[PDB]
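Note sheet for the following structure.
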Amino acid sequence: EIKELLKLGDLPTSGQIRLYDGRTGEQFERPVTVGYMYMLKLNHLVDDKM
Amino acid sequence: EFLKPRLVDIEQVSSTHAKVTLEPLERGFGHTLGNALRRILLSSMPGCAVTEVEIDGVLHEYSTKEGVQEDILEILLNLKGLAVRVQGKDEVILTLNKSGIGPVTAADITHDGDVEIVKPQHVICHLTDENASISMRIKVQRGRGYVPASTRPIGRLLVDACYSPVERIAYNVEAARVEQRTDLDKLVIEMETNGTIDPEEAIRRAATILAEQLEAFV
Amino acid sequence: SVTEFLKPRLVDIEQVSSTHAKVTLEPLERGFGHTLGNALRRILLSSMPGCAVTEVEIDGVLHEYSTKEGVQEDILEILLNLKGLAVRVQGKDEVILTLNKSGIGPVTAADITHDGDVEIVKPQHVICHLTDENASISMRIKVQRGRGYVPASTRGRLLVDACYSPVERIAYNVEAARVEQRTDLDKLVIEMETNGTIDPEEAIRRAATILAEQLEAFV
Amino acid sequence: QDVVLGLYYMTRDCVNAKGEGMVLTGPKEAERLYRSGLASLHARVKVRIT
Amino acid sequence: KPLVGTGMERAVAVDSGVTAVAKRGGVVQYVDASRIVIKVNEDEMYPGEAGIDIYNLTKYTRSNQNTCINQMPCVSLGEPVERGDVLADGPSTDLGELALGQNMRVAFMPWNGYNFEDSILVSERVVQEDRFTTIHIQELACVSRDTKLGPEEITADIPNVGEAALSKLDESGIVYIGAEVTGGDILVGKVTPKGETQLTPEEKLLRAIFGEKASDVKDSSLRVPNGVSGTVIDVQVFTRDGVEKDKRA
């Protein structure tokens, strides 16, 4: 079902796209896994630890 | 010897994002110039983001105004995304005075013909009752990059600065079968700004910046 | 105020034997080190005018894995030696030089016929070792002016990968710079090593000239 | 973990990649070829090593 | 609004008393940043009392973990609402769905060692958008007590500090609301007659000869902890019975 939903959009079914380096502009071989993940900001802030 | 690229086309798709063409380009120079210009554009492009905001009855950004559906913090966040163009002055002070029910948009700002608002439909807040009014002063200055309010009266509210008209830059290197010569590159740069910078002017500024930085050893 | 940046200067140029150098720039604006270094590296190792041995013909060789009597080096090794034979030529684009020698010992670059306007920058560059007497090495090398590195795979005559670009190696190393108060800056550190045709500083300045000329249509 | 992965990827071979079988004049030539995009990081070649 | 949830976000958000769940269905008669008024439908309206629900949203207030509890309306004027529907969503909630964090574009690959073991490499766009910016409300209590050698005072006449440091205080020695204070600033400057000892004739004569007018008042002067900045959003003065509350109180 994940593959079907990916194919419904114009995204590759493998879930991996081709990325280029921001610095050198050179393509990264071995297409990388790019998606949207849910980050949480846990209540351990550095300024409360230093 | 090398053929010198030049600006041959500016293909305006929409109000925000355009697509310029550089042609002709030798082998390899297409990617070099594309990446250099992409980094320069995403790094250093003058912008006109809001800096300070002053509402009449507001002491701090963590409060509320009667009749305004949005918290002051959300109003400041909406203003932080306001796209505006100033020509003659590095610093200007816009005014917004609105009363009555409805969406207070960016079109309710005082005209001030020397200042252009590129998105009049950009909603700022909502007013809920007739007797509720917002009278506020916005401070728009020219700048470069990202200047958080922390780095730089008790009624003045600082909003983080986002002096960067560009939002997305993508360069494609295609084949330019021109001048009866094969394997000449064409650099098509599609740039998505907020509408406050001319794409030709953006490319010109990026090239000027790169040349000025390169003058150190030439 | 929003147009003038921190224009860098060549703060340190520490060098080793004339085929190698290390230039340092500081203080560059945040992120400009990477773009400048990448542009310079690409221009230097992809498109730099120069001339090098393009193709060599031996009297009695028609195959890459061929054999000649009395030569210590195989065809591969002599082709490798010719590949690194740094040669400087005048406005003439392509020129053919001849190498003829007999006798036990090294065959240096100076052994090539000195006639003509072709100038050799590493006269003591070994081309081959021949160990016997009756065998004589006779060959003709054709050198052309090109625009970087052109492998022989791009298509009794032997093709040699033509390395026109003078630079042998280049690498930039963006580091952290310091200013009165600002700290998120860059310190570009170019490290170059050339084949001897031109100095590393000359190569850097030529690359900068090439880039600036390519950008004259917008500035 | 990251350095060892990078070195494992760097020092490796495949039966057919860009710039395979060509004879190089040294490690500097190998780096020049790889950066120029004319040869893959993992391609069997001959190199003059001292 | 987690893009990939499990369907339990809405139940968790609604069951926990952080939102403003409509007690009765109706039509949103009024909605502002700090209040909702729902005109109940005639079907669900009890006989007699009329009979429109009022929900007073809890604005920026401190939590047990010094986080921010803030309810924002999620309905507009004249928008119908059913029974059990969320009107205002509290912290970590989008349209009644539990939203503990933010969903953003992630790529899985090593990047120059900046994500070596478990480190995360974050773009400047994430901090520019202020999507992981959090509000932490901190409570600082200054207590003036009745100690030996006399009581304590909340006066603004603070010794050993100039008028520049006391500019942000009012005439009563308490900071203004909305003042941007940084580490070391005096929030409520209290100085007590509980100072130092009294000097004997020779001792006092010697002290006055040196040319110093140190008094019997010391400096406690609750100040912001070093390294902590922010804005003052509330000042509460609790006064004991029969103490002659000051002008700020």
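Listed in order, the protein sequences are those of chains A, B, C, D and E. Positions 1194 to 1243 (the deposited numbering) are the ones given, in order, by the first sequence. Positions 7 to 158, 167 to 232 (the deposited numbering) are the ones given, in order, by the second sequence. Positions 4 to 158, 169 to 232 (the deposited numbering) are the ones given, in order, by the third sequence. Positions 504 to 553 (the deposited numbering) are the ones given, in order, by the fourth sequence. Positions 697 to 945 (the deposited numbering) are the ones given, in order, by the fifth sequence. Each residue gets a CB set at the ideal place from its N, CA and C atoms; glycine is no exception.
For E/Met768 and E/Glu793, the rounded distance between their alpha carbons:
13 Å
Name the DSSP bridge partner or partners of C/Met51?
None, per the DSSP bridge assignment.
Residues in its own chain within less than 6 Å of E/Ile750 by CB, not counting five upstream and five downstream?
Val733
In DSSP terms, what C/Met142 is bridged to
C/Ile61, C/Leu102
Looking only at its chain, what residues have a beta carbon closer than 6 Å to the beta carbon of E/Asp814, apart from the 5 residues adjacent to it on each side?
none
Would you identify the three-state DSSP class for E/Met741, choosing helix, strand or coil?
coil
Secondary structure at residue 165 of chain B, three-state DSSP: helix, strand or coil?
Because residue 165 of chain B lies between 158 and 167, and chain B jumps straight from the first to the second, it has no atoms in this structure.
Minimum Cβ-Cβ distance from C/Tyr152 to chain D less than 9 Å
yes
Give the secondary structure of E/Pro776 by DSSP, where H, G and I count as helix, E and B as strand, and everything else as coil.
strand
Would you report the Cα separation of D/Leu536 and E/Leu699, rounded to the nearest angstrom?
44 Å
Where B/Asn186 sits in the DSSP three-state scheme:
strand
I'd like to know whether the C-beta atoms of C/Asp197 and C/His37 end up nearer to each other than 9 Å.
no
So, C/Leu100 versus C/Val146, is the Cβ gap smaller than 9 Å?
yes
I'd like to confirm the pairing. Which residues does DSSP put opposite residue 164 of chain B in its beta bridges?
One cannot assign coordinates to residue 164 of chain B, given that chain B in this structure leaps from 158 to 167.
Test: B/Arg33 CB closer than 9 Å to a CB of chain F:
Note that chain F does not occur in the displayed structure, where the protein chains are A, B, C, D and E.
When burial is assigned at 16 or more other CB atoms within 10 Å of the CB, is B/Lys71 buried or exposed?
buried
Give the single residue among D/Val550, D/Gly540, D/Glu534, D/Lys549 whose Cα lies nearest to the Cα of C/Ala184.
D/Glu534
From the DSSP output, in three-state form, read off E/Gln932 for me.
coil
Starting from the beta carbon of A/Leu1233, find every residue of chain E whose beta carbon is closer than 7 Å, and list them in chain order.
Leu796, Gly797
Residues in its own chain within less than 6 Å of D/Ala542 by CB, not counting five upstream and five downstream?
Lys521, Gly522, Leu536
In the DSSP assignment, find the unbroken alpha helix (DSSP H) run with E/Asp728 in it and report its ends.
Counting along the chain, E/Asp728 falls outside any alpha helix (DSSP H), though it belongs to the beta strand (DSSP E) covering 722 to 728.
Just the C-alpha distance for E/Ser759 and E/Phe828, rounded to the nearest angstrom, thanks.
18 Å
With a cut-off of 9 Å, does the C-beta of B/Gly108 fall near any C-beta of chain A?
no
Residues of the stretch 20 to 48 of chain B with Cβ closer than 9 Å to any Cβ of chain A, in chain order
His37, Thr38, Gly40, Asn41, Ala42, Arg44, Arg45, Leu48
Would you list the one or two residues that DSSP bridges to E/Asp915?
E/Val887
By the criterion of Cβ-Cβ separation under 8 Å, what are the contact partners of C/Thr116 in chain B?
Correct list: empty, because the minimum Cβ distance to chain B is about 30 Å.
I need the DSSP call for C/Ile81, collapsed to helix, strand or coil.
helix
With respect to the alpha helix (DSSP H) encompassing E/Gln824, which residues constitute its N-terminal and C-terminal limits?
820 to 824
What residue does the alpha helix (DSSP H) around B/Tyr177 start on, and which one ends it?
It is not in any alpha helix (DSSP H) - B/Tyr177 carries neither H nor E in the DSSP assignment.
Helix or strand or just coil, what does DSSP make of A/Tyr1231?
strand
Based on DSSP bridge pairs, tell me the residues matched to B/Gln147.
B/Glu97
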